[PDB]
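Chemist: As a preliminary step, the opening chains of the complex are given here in situ:
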Amino acid sequence: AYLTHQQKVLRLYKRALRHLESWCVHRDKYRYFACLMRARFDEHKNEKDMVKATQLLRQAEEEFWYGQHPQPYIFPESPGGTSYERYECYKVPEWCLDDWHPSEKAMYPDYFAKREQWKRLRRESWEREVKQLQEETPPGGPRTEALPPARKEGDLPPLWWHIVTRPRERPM
Amino acid sequence: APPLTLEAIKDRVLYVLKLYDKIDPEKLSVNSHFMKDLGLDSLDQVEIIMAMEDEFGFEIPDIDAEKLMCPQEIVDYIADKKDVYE
Amino acid sequence: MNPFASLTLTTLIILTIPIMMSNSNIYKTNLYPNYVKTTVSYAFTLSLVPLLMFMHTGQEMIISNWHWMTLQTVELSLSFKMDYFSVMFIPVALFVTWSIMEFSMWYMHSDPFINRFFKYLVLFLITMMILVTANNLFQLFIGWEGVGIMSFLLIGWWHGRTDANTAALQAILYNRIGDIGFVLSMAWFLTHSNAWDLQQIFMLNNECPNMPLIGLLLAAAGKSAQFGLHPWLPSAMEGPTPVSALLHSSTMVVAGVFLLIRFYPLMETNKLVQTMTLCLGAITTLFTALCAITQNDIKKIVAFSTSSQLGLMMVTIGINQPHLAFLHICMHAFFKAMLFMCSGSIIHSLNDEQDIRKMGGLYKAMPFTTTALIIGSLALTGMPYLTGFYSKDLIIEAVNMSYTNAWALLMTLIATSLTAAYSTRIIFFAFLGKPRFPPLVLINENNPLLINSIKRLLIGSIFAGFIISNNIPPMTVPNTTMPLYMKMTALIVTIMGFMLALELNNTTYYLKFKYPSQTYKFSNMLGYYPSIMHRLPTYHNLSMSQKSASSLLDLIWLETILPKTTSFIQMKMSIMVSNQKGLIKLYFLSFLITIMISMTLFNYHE
Amino acid sequence: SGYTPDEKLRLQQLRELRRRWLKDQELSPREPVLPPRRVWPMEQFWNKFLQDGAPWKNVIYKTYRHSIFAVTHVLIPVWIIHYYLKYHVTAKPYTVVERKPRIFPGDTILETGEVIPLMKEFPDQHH
Amino acid sequence: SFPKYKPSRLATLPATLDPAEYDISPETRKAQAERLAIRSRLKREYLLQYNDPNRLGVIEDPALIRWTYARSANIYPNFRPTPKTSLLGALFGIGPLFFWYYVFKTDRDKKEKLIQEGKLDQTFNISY
Amino acid sequence: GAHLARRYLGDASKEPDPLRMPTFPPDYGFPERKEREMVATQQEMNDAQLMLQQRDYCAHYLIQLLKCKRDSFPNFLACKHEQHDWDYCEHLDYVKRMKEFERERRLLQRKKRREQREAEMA
C-alpha cells in the first residue's frame, strides 16, 4: 500500500548512492564518499515525532533529486539500458508451439511429449486452483494483488502457468 | 556470455558477504538474516544489496531489494531472475 | 577502356549475387555469413583493378546502357559516372565492409537471424554503391532512400527494442527532411535545366544555382547529420554494435557529403551557399565534440566525433576543397570505423557494456585492442605521416589559408582540441586506471576473426594516407609561402586539449568533491536539443492533429457544414409537411387559398 | 519482510515447477531428429578428400572452394557483362563515352605517330 | 537541494519534488487502499482469463473499446455549437485555405507578370 | 592576422582590400615593368585538360609533374625535383602576390599620409 517512512528513504538512498558512484566513478573515491554520506544519513537517525522526519524527508529527497548524475550509469539490463528489452524480438508465447505443423512436432518428439503432460498438468491444476482461489478470496474480492498459496492437499499454486511457462529471460 | 550457473552465483554472493567486513566470515550463514542473524541496519541492507548489484551486474528492483533478506534467498532470487536450473 | 568500366560493372553485380542466391532459397543459410565474407572480399579484390588504369592514365567515363524512359525530351537510363571520386571510393568502401562484417561474424553470432543480418549489410552495400556509382540524381535518390530504409531496418534490428524503433523512426525522419532539398533540386534541374544526368547539369552552365544549391545543401545536411539534422546519427548507435560499425559508422553519413563534392562544379559559384556549409559544419564540430567531452558512453562519443568529423570535410567543401574532402572521408572512414569494432570488441568482451565508468585496467588485459584504440584515438587527430595527417592538418591550414569569416577558423581549432581531448579521455577510462568491472574476469579477445578483422585496419588506418596522397595528383594550388604558425597551430591545438584532459583524467583520481557543473549537464543532454525538439514541437504537432485536424476540422465541422445540416433541414421541415391532423375543413381551406392566389395575386391567368 | 507463509511456499512451488519446466525446455539427446538430405553423390565424391587429414587434402579443397567460387560467382559474370556491353551497349551511339587523356606536348600519339611539340625551357628555379 | 526544477507539461514534476510525496495526509494514504483493491481484482480477472487454458482468442479490453468509441463515435453526440468551437473551427477552417490562396495567388501573379514580356529564365526549359 | 589588426582594429584604408586591390597602375612606379610571361601555351593547358584554378603560371611545371608521375607508374616515391620546381614556382608566385599585397599596402600607406601632409599644410 502506502510507502512507509523508512521505506521511502531506503528508495531515495538507493539511487543516491548509485548517483554517487556515477559521480565518483573510481571505486575508492566512491567508497570514501559513500561512507561519508552513510554517516550523513546517520547524522539524524533519531526522529521521535514523525513531523520532524517529514521535514527531514523533504531536505533529503531534495538532495538526492539534485544528486542525480546528468548521465547516470544505467546498466544494460536497467530500465532504459543498452541491453534492456533487447531480446524481446526473440521470445515467443508458449501457445505458438501448438500451432506447429505435425512434421515439426514429430521432429521434436520428446519435447512435445513433455509439453503434452505440461499441458495436461495445466488442466487439473487450473481446475483445482480456480476452485481453490474462489474461496481463498474473502468477500469484497482480493484486497491486494497477492495471490493465495497451494496450502491444500496435492494442489498446485493457483495462477501459475504463465509464471511457470514464462518466456525464459534468455530465449536465444 | 558463458553459461553462468547458480553455483558460481551462490559462491560469489556468500564470498562477497563474507568479504563484507561488517558481516564477518565466522558469523556469516547461508540464511543470514541481516536484521536478526547479523543485526545490521536498513542502510547496511542497501549497501549489501547494491554490493552484489555491481558484483553480479544485473539489476535488483527496489521493491524486491528491501524484501530480500537472506543469502539463501538472495541465491534463489538470482536463481529465478535468470531462471537457472543446470 | 576494355578494362575499368567493364570491371566496375562486374564488381557491382557480384555483390548482388548473394542476395539473388538468398532470395532463390537454394543457398545454405549456415555458411552464408562466411559465403558473404568471400563475396565481399572478392568484390574488394576486383575493386583494386579499376584503380590501376586510373593511376596509369587517369581515364574517366560514364556507362549508360539500357534506356529506361524516353519521357519526350528527357531520356532516362541507368548510368554510372566513374570519376576520381567514385573510382577509388569503391575499394575504400569494399575494404571497410569486408573487415567490419569479418569482425561482426565473431561478434554478431548470438542471434538466430545472423543469416538475415549479414544479408542486410549486403542490401546496404549495393544501395550505397548505387549512390556513389551514379550519373543522374534519381539513381542517387534510389541509393539515398535505400540506405535510409536500410538503416531503419538495421537500427531496429531487434524489433522488440523500443529505443531502436524510435531511433529508426528518427533515422528516416531526419533523412526525409534532407530529401526535401533533394526534391527541390530535383524539380529545379528538370525545370530550369531540364536534365537529370550529372554531366549535362554541370555543363549547362547554371550560373544561377541559388535555389538548387540550397536544395543540395539541405540534402547533405540531413544525410551528414548537420545541426538540426544531427541527433539521428547518435540515435543509430542504439542497434547492435556492428550496426554502429556500419552505415552510420562512416559509410552512410558521408553519402550526402559525397553528393556535395559531386556537385562541386556549381557548388563554388555562390559564395553565400558556399558559406553556410562551413558554418553548419563548424557548429557540428564544436557542439557534437562538446557533448562527447563530458559524456558517459563509448559508441556515442565516437558517434558524436563522427558528426564532428562529418562536419569537417564539408567545411572544406564550403572553402572549395572537394577532392581534399573526399580524401579526408576515406581516411575518416578508415580510422573512425577502425576504432568502432575495437570499441565493439571491448563491448563484447566486457559483457555488452557501453559506459566508460565501468571500464578501466584494460591496457594489459586487452593488448591488441589497446594498441588499436590507442593509435586510432589520435589517428583521428592524425599525427604527422598518417591518414589523418594528410587530411586534417591540411584541412586546418587550407581554411586558415583562405578567405573565410572570422569565426570559421576558430571552430576548426576548437574542433581539433575538443576532439583530441575526449580522444584521450576514452583511452583513460577504457585501458588506463583500474578495472571497474564485475569480479568475474571473462575479459578476452583471443578470437582469430577479431584480430584479423582489425589487423587489416591497422595497416589501413596508418598506411593509406601516405600511399593515397602520393597516388593522387594535387587538385588545387599548393600552399607554399605560408606564415608558419597557422600550420603548426593545428598540431599544437591537439596537445593542450590532450594535456588538459590528462590532468582532468587525473582529477578523477583526486578525492576532491565534484559539483554538478552546468557544462557537465549541458554536454550530457546533448545540449538539451533532444530534450526539447523530440518533446515540444512533436507534442504540439501530434496533439493538434487530434483536438483540431482529425476531430475539429474533419469530424466536427466538415460533416456539420454539408451532410448533417442538409439532413437536418430535410429532417426538420419534413415533419411540418407530414404532421397533418387530417381535418377536411383545413385541407379544403388550403385549396381555397391556393385557388385564390393562383390568379389575381400571382396572376397566372395574366 | 523476507516473505510470508503465503509467499514462501508459493515461490517454492512455482520455482520447482519452473525448474522442471526449464528441464523440459532443454534439448533431449535425440532432439533434433532430422530427415535425410537429398543430394547427388557428386559432392561427397570430393568432400571425403578433405577428411583424409593430409595437408594437401583439405587446403586444396578450400582452394577448390575458392576456385568454384570464382567460376560460379566471378568468372561466368565477367563473361556475360563483357558479352553485354561490347556487342550490345557499344552498338548504340554515345552509350559509353571516354574522356580524352591528357596528351602531352612532348609526348606522341600512338596511331598517327605525331609527337606533340613541347614548350621551351622552364624557369628552372631550383631551390 | 537547489533552485528547484519547475514542472512542465511535457516534463512533469517528478516523484521526488511533488508535494504529495512528503505531504502524505491520512486520507491521501487512505486513498491508496481501494484503488489498489480495484486494481487487484482487475488484475485478478485478467489472470482468470489470461491464465485460463479454456479461454482462446482475444478478450475484450473495455478501456480500449471505450477509447475507440469515444474517439470515433461520441464526439458529435457530445459536440456543441459553442462559440469557442466555431472560433477554432473558423481559424483552422477557411483560414489556412485563404492563407495558401493568397500565397499562391501572389506567387502566380508575381510570377506571371514577367512571362508576357520575356524577363524569366526559360531558355533551357522545353518540358512541362 | 597582423594586417587584420591594422584594418579591423586599425585603419581599413591602411591595409589592402583583398577583393578590391590593387588600386594603382602597376606600370606606374615601375617604368617599363616587364610582363610576367607564360611558359605553357594555351594548347598546353588545353591538351593536358588542366583545371582552371591550377591553370596558373605554375601550370607549366604542373604538366611536368603529371608526366613524370604518369610515367613513374608503378613507383610513387619518385617525382621529387618536379614539385621542387613547382612548389618553388608557387612559393615565388605567392611571394609575387605577397609583394603585390605589400606594394598596394605601402601604396595605400604612402598616398594617404601624403594627402594627410597636404591636409596638414593647408
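Modeler: Thanks, I have it. Residues are numbered from 1 along each chain as shown, chains lettered A, B, ... in the order given.
Chemist: Geometric centre of chain E: which residue is closest?
Modeler: residue E:71 (10.7 Å; C-alpha atoms, centre = their mean).
Chemist: Which of the helices or strands spans that residue?
Modeler: helix E:62-72 (DSSP states H and E).
Chemist: Could you report the neighbour count for the residue nearest to residue A:66 when sequence neighbours are not counted?
Modeler: Residue nearest to residue A:66 in three dimensions, not counting chain neighbours: residue E:2, with 4.6 Å by C-beta to C-beta, 6 or more residues apart in numbering or on different chains. Every residue, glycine included, has its C-beta placed from N, CA and C. Residues contacting residue E:2 under the criterion other C-beta atoms under 10 Å in any protein chain shown number 10.
Chemist: which other helices and strands contact the helix holding residue E:71?
Modeler: Packing partners of helix E:62-72 (3 or more C-beta pairs under 8 Å, 6 or more residues apart in numbering or on different chains; DSSP states H and E): none among the helices and strands.
Chemist: Enumerate the residues of chain B near chain D.
Modeler: B:33, B:67, B:69-70, B:73, B:76, B:79-80, B:83, B:85 (C-beta under 8 Å from any C-beta of the partner chain).
Chemist: Show me which residues of chain C sit near chain F.
Modeler: Counting by C-beta under 8 Å from any C-beta, chain C sits next to chain F at C:55-58, C:403, C:467, C:470-471, C:473-478, C:480-481, C:483.
Chemist: also put chain G on there:
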Amino acid sequence: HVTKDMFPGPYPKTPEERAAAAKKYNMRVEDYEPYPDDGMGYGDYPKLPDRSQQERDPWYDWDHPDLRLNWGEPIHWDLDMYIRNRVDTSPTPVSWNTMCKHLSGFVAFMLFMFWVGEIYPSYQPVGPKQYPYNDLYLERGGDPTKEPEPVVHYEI
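Modeler: Okay, here's chain G dropped in alongside the others:
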C-alpha cells in the same frame, strides 16, 4: 456484453451520473473528472493525468509491458502521442524553462558570433592570383568572336 450504461455517455453534469460513469470507466467517485465542457465533444471521458507511458514504472506487473498498460484499467484519451515511442512527459533533471532558455540563447548566440565574423572576413596578407591569358578568357567561357579586354599583368 456491451450496453449504453457502460458505453460512453454524454457530458456528465449531475453528481450521480458522475458516479455512474465512474463505475463504468473503472475508477472511484473522486477519481472521475471529465474534460472541460467547451463543446469539443469529449463528454464523459475523464481528464486523466497528462502523463506519458515512459513515466510508468517498468517494475510494476503491467498486463501490456510492451507499452506499460494493464487490462481493465482506464486509459488516456491522448494515449497515442503519450506512449513510449512517441512524445514523453517524463521529468528532466534540468528545469524546462532553464534548458529552453539555454537553447534559445546558444542558437541565438551561435548565429551572432558568426554574424560578426562575416562582418570581419579574415584573409591572408597576399595578393590576387591574376591568371594568364586574360584570366583564362576563352577557357572560362569567354566569347570566341570578340577579342577579350586583355587582363595582362607585369611582374613585381
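Chemist: what's in contact with the helix holding residue E:71?
Modeler: G:2, G:6-8, G:25-26, G:42-45, G:72-75, G:77, G:79 (C-beta atoms under 8 Å, 6 or more residues apart in numbering or on different chains).
Chemist: Next: stretch A:92-107.
Modeler: Looking at what lies outside stretch A:92-107 - C-beta under 8 Å, 6+ apart - the contacts are A:112, A:115, A:165, A:167, A:171, D:32-35.
Chemist: Can I have the buried ones of those as a ChimeraX selection?
Modeler: Typed into ChimeraX, the line below selects the buried ones among those, using 16 or more other C-beta atoms under 10 Å in any protein chain shown:
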select /A:112,115,165
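Chemist: Can you give me the separation between the residue of chain B found nearest chain C and residue B:81?
Modeler: Residue nearest to chain C within chain B (C-beta to the nearest C-beta): residue B:57, separated by 4.8 Å. Noted for residue B:57: a distance of 11 Å to residue B:81, by C-beta to C-beta, to the nearest Å.
Chemist: quick one: contacts for the residue in chain G that chain F sits nearest to?
Modeler: Distance from chain F to each residue of chain G (C-beta to the nearest C-beta) is smallest for residue G:127, at 3.1 Å. Residues in contact with residue G:127, defined by C-beta under 8 Å, 6+ apart, are F:16, F:21-22, F:96-101, F:103-104.
Chemist: mind adding chain H? sequence follows:
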Amino acid sequence: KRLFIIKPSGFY
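Modeler: To build on what is shown above, here is chain H added in:
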C-alpha cells in the same frame, strides 16, 4: 548443452 528455441511454424 542445448535449450529449446521456440518459433512460428515456418513449414507453411
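Chemist: again for the neighbour count of residue E:2, since chain H is there now?
Modeler: There are 10 residues near residue E:2, going by other C-beta under 10 Å.
Chemist: which stretches of the chain form helices?
Modeler: Just going to use chain A. Here chain A has its helices, by DSSP state H, at A:5-24, A:27-41, A:50-66, A:102-106, A:109-136, A:161-164.
Chemist: Correction: the question concerned chain F.
Modeler: F:2-7, F:42-48, F:59-72, F:81-121.
Chemist: and the gap between the residue nearest the centre of chain F and residue F:63?
Modeler: Nearest residue to the geometric centre of chain F (C-alpha atoms, centre = their mean): residue F:97, 2.8 Å. For residue F:97, the distance to residue F:63 (C-beta to C-beta) stands at 22 Å.
Chemist: Tell me which of the helices of chain F lies nearest to chain H.
Modeler: Closest among the helices of chain F, using C-beta to the nearest C-beta: helix F:59-72, at 58.7 Å.
Chemist: contact partners of the closest one?
Modeler: C:56-58, C:473, D:102, D:104-107, D:119, D:122-123, F:38-40, F:44-45, F:48, F:50, F:54, F:76, F:78-79, F:82-83, F:85-86, F:89.
Chemist: Go again with 6 Å.
Modeler: Applying C-beta atoms under 6 Å, 6 or more residues apart in numbering or on different chains, the contact partners of helix F:59-72 are C:473, D:104, F:39-40, F:45, F:48, F:50, F:78-79, F:82, F:85-86, F:89.
Chemist: Appreciated, that's everything.
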